[PDB]
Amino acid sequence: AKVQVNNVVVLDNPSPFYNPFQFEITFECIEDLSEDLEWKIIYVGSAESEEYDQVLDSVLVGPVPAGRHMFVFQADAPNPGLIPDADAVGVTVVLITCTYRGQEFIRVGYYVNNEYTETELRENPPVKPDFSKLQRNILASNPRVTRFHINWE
C-alpha cells in the first residue's frame, strides 16, 4: 500500500451526542500519487439496515504529496431525525474510510455507545429517545482495521 495509516486518535471523547466527531489521523504516503485521496466518516444509524447510514463528512486532496501527513478530521453529529428509535440508545458503529481513485483501501470501525447519564433516564428511558440527554462514548481502545488491496498505479 502506497498510503499507510499510522495512527487514529479519537478526540473529545466521551461527549454529548450533538458534539462533532473529531479524529486526529496520521498517515504516510510512500510515493507521490497523481490522483485523489478521499476520507469519509460514516455513521451507522441502524445496525438493522444500511439504508440509515449517514455520511457525516468527507475530505478530498489530490494529487497526494509523498511524506507524513496529519490532520484532525471533524464531522457534525448525525441527524437524529434519520435514526430509528430502536437504534438510538445503545451500541452502534462509526467508520472512517479512505479511498484512492475511488477504491476503498482502508476502513477503521469503532463501536459507539450512546447512553443517558442521569439516573431517572437510565431507569425510565423515554419511549421517544431524547438526544439532548444522550452521551456518545466511542470505544476508542480497539478499532477494527480492515485493509483492501487496490490498484495504486
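Note that the rigid core is defined as the largest set of C-alphas that superpose within 1.5 Å between two forms. Sequential numbering from 1, following the sequence displayed.
Relative to the shown model and aligned on the rigid core, the C-alphas in 6 other deposited structures of this protein deviate most, among 62-70 and 114-122, for 62-70.
According to the PDB record, 124-132 carries the higher mean C-alpha B-factor of the two stretches 124-132 and 106-114. Just going by the entry, 57-65 versus 115-123 on mean CA temperature factor gives the higher value to 115-123. The entry lists a Cα temperature factor for residue 140 that places it in the highest third of the chain's modelled residues. Ranked by C-alpha B-factor against the other modelled residues of its chain, residue 85 falls in the lowest third. Ranked within its chain, residue 51 lands in the highest third, by CA B factor from the PDB record.
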